[PDB]
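The chain that follows stands alone, in the form deposited in one PDB entry, written as structure tokens.
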């Protein structure tokens, strides 16, 4: 027999009110037939009149929006509806649901004013309840409510372009590995040599002061030009410790433990990197934390390095992509690399106030995304390299550390449908 409560709606026209109404109607009992619900086939009004209107429909719920006059589909549906209304001679067959406001009786379709219907303009919960009681008073058949069916249907229909898939993908990290180290770390004794007032950071090579163990990665005679009175000392009293043993954590003596030694090495590599950035034709900017390194304008070929942008202009100022680094040692010897944006008033002189710096950083970085960040970081790291495969951090006369320019690569299993676009 007929049990489906057909309700008409403007599927192509932008409408989002029929979906939840139909969902709660089917979850509240009787079945509902909709065009937007059964969106799995493409055909004109052929099966509708063939099956439901003629034989498989009890009531109709023709809605009445503002743009119903222009749409010919609703007019054809209303014509078929009045034909069947004449066929069964039942007046209560067409209830013109009204939602919008601009429908004026003076300017309205000449045929829709035949009847009056429940009003959904005020609040459609009251319309829901009055529709339910009107349906009850006319002995409309309805099955006992099984809302799990509605939940399952909602899960099924709204699934395209969602959820996860099994596609494979790869990611590149923000770290950079360390592939070499000097063979041994040295501690020298100078005592009577070194003046007890002058600063040690000014040396051409990184070296820091301990109680007696003057820490170095180079020989015991490499500071002669910087400073005199060093040839009256013997190298037999110096101390050397293997790098593999200290790195493995096995080395330990009474005076020094392992963690202090690892911290010493981290400080050494940090200072070495900071010193090495002196002769790479770049400038530096000072922050609350460690320095940032930015590139000058014009020094690079038409502001690009292998078809990529690093220095640009924003309305009046100029923006540069600067980086900062910090050595880490726990999981593997690597370098944290962080990206910042530096602003200048013409390209040679930096804007002074920090507040406008922050505002300009926000304004410029508003509309950047994953690809741009990754590309710029990779390009800057590659350009900073002095070799086609790695980077040499110069620690001594002939000793150096090697850092590769290929970040760690990860990959997983789960993924999604990438071209979401919007």
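Take the two forms, find the largest set of C-alpha atoms that superpose within 1.5 Å, and that set is the rigid core. Numbering follows the first chain given and starts at 1.
Heads up, the form deposited in another entry isn't pictured, but that's what we're talking about next.
- Only one of 240, 299, 280, 304 has its Cα shifted by 2 Å or more between this form and the one not shown after fitting on the core, and that residue is 304.
- Relative to the superposed rigid core, the position of the CA of residue 339 differs between this form and the one not shown by less than 2 Å.
- The Cα shift for residue 152 between this form and the one not shown, taken after rigid core superposition, is 2 angstroms or larger.
- With the core superposed, residue 213 shows a C-alpha displacement of at least 2 Å between this form and the one not shown.
- Expansion of the residue 305-residue 296 CA spacing by 3 Å or more is recorded in the other entry, set against this form.
- The Cα-Cα distance between residue 314 and residue 304 is lengthened by 3 Å or more in the other entry relative to the form shown here.
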